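Heads up: the structure comes next, in structure tokens.
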Amino acid sequence: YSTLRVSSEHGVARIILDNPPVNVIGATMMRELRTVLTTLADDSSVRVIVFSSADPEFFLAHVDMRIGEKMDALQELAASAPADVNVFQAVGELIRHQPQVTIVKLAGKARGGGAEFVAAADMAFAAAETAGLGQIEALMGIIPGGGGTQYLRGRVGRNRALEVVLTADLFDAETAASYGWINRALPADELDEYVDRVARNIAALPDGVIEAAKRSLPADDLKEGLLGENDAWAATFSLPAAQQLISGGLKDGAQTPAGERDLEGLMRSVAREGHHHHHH
Amino acid sequence: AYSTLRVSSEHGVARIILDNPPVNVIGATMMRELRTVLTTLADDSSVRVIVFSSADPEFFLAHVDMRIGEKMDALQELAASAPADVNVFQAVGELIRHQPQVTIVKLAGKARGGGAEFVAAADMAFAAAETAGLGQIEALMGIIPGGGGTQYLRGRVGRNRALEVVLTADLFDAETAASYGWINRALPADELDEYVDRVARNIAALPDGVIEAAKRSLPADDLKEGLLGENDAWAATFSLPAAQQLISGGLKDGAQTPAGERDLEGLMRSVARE
Amino acid sequence: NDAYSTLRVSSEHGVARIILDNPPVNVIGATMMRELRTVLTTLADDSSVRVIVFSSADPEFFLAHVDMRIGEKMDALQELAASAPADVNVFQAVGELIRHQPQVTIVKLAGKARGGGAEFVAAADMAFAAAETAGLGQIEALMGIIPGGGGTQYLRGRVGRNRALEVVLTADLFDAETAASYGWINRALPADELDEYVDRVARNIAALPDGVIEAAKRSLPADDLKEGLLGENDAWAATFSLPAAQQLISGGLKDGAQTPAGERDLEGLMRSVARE
């Protein structure tokens, strides 16, 4: 795989996300994630999956801002998406319905679709000092269209969901945990051993226990919410701002490490600059 | 000009400053003015965000005016024009809950009863850690919250904590309210103004249609059955002898004065004991 | 004072106190389940009682977990089962009785509660715990099963599915601060203040005027958990039926479960049984 690596042993698969320079989620990663998770879902030797990043600053930056430039790659993904779920929601929805226990180890920054990925897993543990979660979408003239509005509604409640989405700020681990967006914030220097212990302890459970727990606690019914989000999100592309802001962002350094570090700041200054065409 | 509110706007943010001396009770006048101002603002394309704050240095909104039943005609007109299946008190929070703009409460001081209902109804509430307080005083006046509070709490904090807030009737500090999810965040008192201004400006700066899209994706909670159940529970308690005795006794012992409102919980417990 | 084997009940001024006392570690056995039903059914009909406070006589354990030998005397368990509510299993019947009680129910948690003990704590209207000393865990996964007394659904409602899965599958003992942050209990308080705190809340609620408690509960009715509880029963029943579960439980008893020394670190004890 070109955007990730997988290894498994002792009932735990580790999926390490590695797509330089900032771990954007592009069409290739979306396809490779589907392949790896679909294959694992049929592997009776694997009981737990742990997602981590190889990038020292970013878990998953956000969805590739150039993803709409090659609609054919996107059209192929959209054709394999489940009923009533859009091509972006299909990533989080695959994670949410995975048979294995899914665990995210979050050390760095995850925004937009990356933050959706984090919230979709069964459990997420984040480094107190270094981790960050933000829904950057509003600053690109859109809203989350990959399940984020609904994952937030369910985990943090509507009031805090609207705050996360509309302030579009980068939330630190301690705030994200107190909101319930992730399970726990832990010291950065303890996080790796903590997640390894949780994963191995869950994988050591007797046969059938994980299955029973997931049957007793089935995935939330989000069908109507995901449809509503899709409709609202689709409508934001019928307005000119989204493409102006996405183009302006790329011009000003989005999807480079310096540009992504304070993406919120970068996108607000792009909006303040307000460049656009003049066809007089 | 309004007699209980000051309204202004700039850079896409309307400020509504609550100003009804001596302790910022929600009376019939304020209820009428709020309907007018929020309905006017709902169709104002220049306004994206509404921030509520208080001109009183101790109280955000004390609670509903305990003398509001002395002038039944103004209250009855408001009741006659309330939305279907929403009582006249619930109509305050319900108007806030369905406002098109992002609604933000900046809570520096104490809010009880209907005041606490108002805080919980806004899209977001940020409170001063050292100075803010939230409580449902209703149980101490022999009733339960009848303006949406039971259902706002159920949604925000869960039934277990909602029963605790309602039946203990204690004044919660900002830190505990935020932990519970009753408000969004507790911030230092000397940072709250800047924090709220930054959030308000950032949301007002979002491009056309984003706020609308977010609210479409995150529609207001369906509370119809819960509000009707609260209404019937409230009417039943209000009809029993203790309610009017406690309300009259509280007024005689200094409720709705700043000295009485400071520790309203202790005052109302003492009224019941005496 | 000697009305019951596993409980002491007293009441005055509108507050009933139920002290849980079944040495050596406050296991929930068939006798406690029967006595709890008697006491709570009686109080439900007592207009003079407005608040029920549950606490423990055991300095280390609130309620350890359900008696690991409860299946050895099927007749006692059969009578309890035969008379459980429709769509509610015999273990769920304990939490469900507490959930539908007319009085305000309050748990004062100073020590450790696991399994059905944690389910009990979560079922009350409100639970206050000592920050320094209290602990809550769902041990069931380490015995080859899942919670079968409502705990999956009480966790789902109070902490959300994500944290419910974490609690159930890690099977660790959660401290009071973490449990409160998650919403599993109402609040963590200093150990030396907890008793006065709870007494104050109970007294204050009992002093409320006629009809207020009743109105509050009418406005905030118990969650509908019918389908969740049915699902939990089938998941629990299927795992419990397997030899692996039966050997883990047998080994736990062999290695000192249900003794104070074995119960202090039950998680470690049960992980050692499985490794052996």
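No value in this document is a laboratory result; all are computed from the given coordinates. Here Cβ is always computed from backbone atoms with ideal geometry, including for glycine, and neighbour counts include all displayed protein chains.
If you wrap a convex hull around the alpha carbons of the protein assembly as shown, what volume per residue comes out, as a whole number of Å³? Could the numbers behind the result be given before it?
Details: hull volume 135.3 nm³, N = 830.
Roughly 163 Å³ of hull volume per residue.
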Seminar exercise, completed: Among beta bridges assigned by DSSP with both residues in the protein assembly as shown, the antiparallel ones amount in percent, to the nearest 5, to 25
Seminar exercise, completed: Treating every alpha carbon of the range C:1-155 as one equal point scatterer without solvent, the Debye formula yields log10 I(q)/I(0) values at q = 0.12, 0.14, 0.19 Å⁻¹ of -0.46, -0.65, -1.26
Exercise. Comparing A:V198, A:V164, A:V24, which has the greatest mean-square fluctuation in the GNM of chain A with Cα pairs linked when under 10 Å apart?
Worked result: A:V198
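Looking only at other chains, what is the average number of their beta-carbon atoms within 10 angstrom of each beta-carbon in A:190-198? The partial results should precede the final answer.
On the way: counts 0, 0, 0, 0, 0, 0, 0, 2, 4.
That average works out to 1.
Can you pull the Kirkwood radius for the range B:202-274, inverse mean 1/r over Cα pairs, to one decimal in Å? Walk me through the numbers before you get to the answer.
Working: mean 1/r = 0.0613 Å⁻¹.
Answer for the range B:202-274: a Kirkwood hydrodynamic radius of 16.3 Å.
Once you keep just the Cα pairs under 8 angstrom separated by 6 or more residues, what percentage relative contact order results for chain A? Walk me through the numbers on the way to the answer.
Working: 489 pairs, mean separation 51.6, N = 280.
Computed value for chain A: 18 percent relative contact order.
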Exercise. Where does helix C:30-44 land angle-wise versus the long Cα axis of chain C, in degrees 0 to 90, nearest 10?
Worked result: 20
Exercise. Taking chain B as a Gaussian network, where each spring joins two C-alpha atoms under 10 Å apart, which residue of B:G209, B:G260, B:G147 fluctuates the most?
Worked result: B:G209
Problem set entry | Total formal charge among the other residues, if their Cβ is under 12 angstrom from that of C:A257, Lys/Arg +1 and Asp/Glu -1 | -1
Seminar exercise, completed: In the neighbourhood of B:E33 defined by beta carbon distances under 12 Å, the net charge of the other residues (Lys, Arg +1; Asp, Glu -1) is +2
Problem set entry | Farthest positive-ward along chain B dipole, Cα basis, beta-carbon charges - from B:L206, B:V37, B:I17 | B:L206
Seminar exercise, completed: Nearest 10, in degrees from 0 to 90: the angle of helix B:241-252 to the longest Cα principal axis of chain B is 80
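Counting only DSSP beta bridges with both residues in chain A, tell me the antiparallel percent, nearest 5. Please list the in-between numbers first.
Numbers: 8 of 31 bridges.
Around 25 percent antiparallel, to the nearest 5.
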For this session: Calculate the dipole size of chain C relative to its Cα centre from +1 charges on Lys and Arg beta carbons and -1 charges on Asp and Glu beta carbons; express the result in debye to the nearest 20.
Result: 300
Seminar exercise, completed: Relative contact order of the range C:1-108 (C-alpha contacts under 8 Å, at least 6 apart) in percent is 31
Problem set entry | Among A:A27, A:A83, A:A115: highest mean-square fluctuation, GNM of chain A, C-alpha pairs under 10 Å | A:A83
Seminar exercise, completed: The base-10 log of I(q)/I(0) that the Debye equation returns for chain B at q = 0.10 Å⁻¹, one scatterer per C-alpha, is -0.47
For this session: With a point put 7 Å past each Cα toward its Cβ, work out how far B:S239 is from A:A188 in nm, to one decimal.
Result: 6.3
Exercise. What size of dipole, in debye to the nearest 20, comes out for the protein assembly as shown about its Cα centre when the only charges are +1 on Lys and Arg C-beta atoms and -1 on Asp and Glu C-beta atoms?
Worked result: 600
Exercise. Taking the alpha carbon gyration tensor of the range B:95-150, what are the square roots of 5 times its eigenvalues, largest first, to the nearest whole Å?
Worked result: 20, 16, 5
Seminar exercise, completed: Rounded to whole angstrom, the alpha-carbon centroid of the range B:212-253 lies from that of the range B:1-51 at a distance of 22
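Per residue, how much space in cubic angstrom lies within the convex hull of the C-alpha atoms of the range C:104-197? Show your work: numbers first, answer last.
Numbers: hull volume 7.1 nm³, N = 94.
Here the figure is 76 Å³ per residue.
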Seminar exercise, completed: Of the listed pairs B:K252/C:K217; A:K214/C:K73; C:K112/C:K254; A:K109/A:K214; B:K110/B:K252; C:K108/C:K254, those with alpha carbons more than 27 Å apart are B:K252/C:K217; A:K214/C:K73; A:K109/A:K214; C:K108/C:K254
For this session: Have a look at C:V66, C:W184, C:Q103 and report the one farthest towards the positive end of the charge dipole of chain C, computed about the Cα centre with Cβ charges (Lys/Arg +1, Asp/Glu -1).
Result: C:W184
For this session: Find which of A:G141, A:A115, A:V156 sits farthest along the positive direction of the dipole of the range A:112-160, computed with +1 on the beta-carbon of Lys and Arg, -1 on that of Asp and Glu, about the Cα centre.
Result: A:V156
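Helix-only estimate, please: 222 nm mean residue ellipticity of chain C, summing -39500 (n - 2.57) across DSSP H runs of length 4 or more and dividing by its residues, to the nearest 500.
On the way: 13 runs with 129 residues, N = 276.
My calculation for chain C gives -13500 deg cm²/dmol from helical runs alone.
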For this session: Give the angle, between 0 and 90 degrees and rounded to the nearest 10, that separates the Cα long axis of helix C:161-170 from the longest principal axis of the Cα atoms of chain C.
Result: 50
Exercise. Using the Karplus equation 6.51 cos²θ - 1.76 cosθ + 1.60 (θ = phi - 60°), what ³J(HN,Hα) coupling, rounded to whole Hz, does each residue of the range A:88-100 give in order, writing x for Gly and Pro?
Worked result: 7, 4, 4, 5, x, 5, 4, 4, 4, 9, 5, x, 4
Exercise. Based on Cβ point charges of +1 for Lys and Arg and -1 for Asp and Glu, what charge dipole magnitude is obtained for the range C:1-129 about its Cα centre, in debye rounded to the nearest 20?
Worked result: 260
Exercise. Quick one: if the Förster radius is 56 Å, what FRET efficiency do A:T39 and B:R35 give, using the C-beta to C-beta distance and rounding to 0.05?
Worked result: 0.40
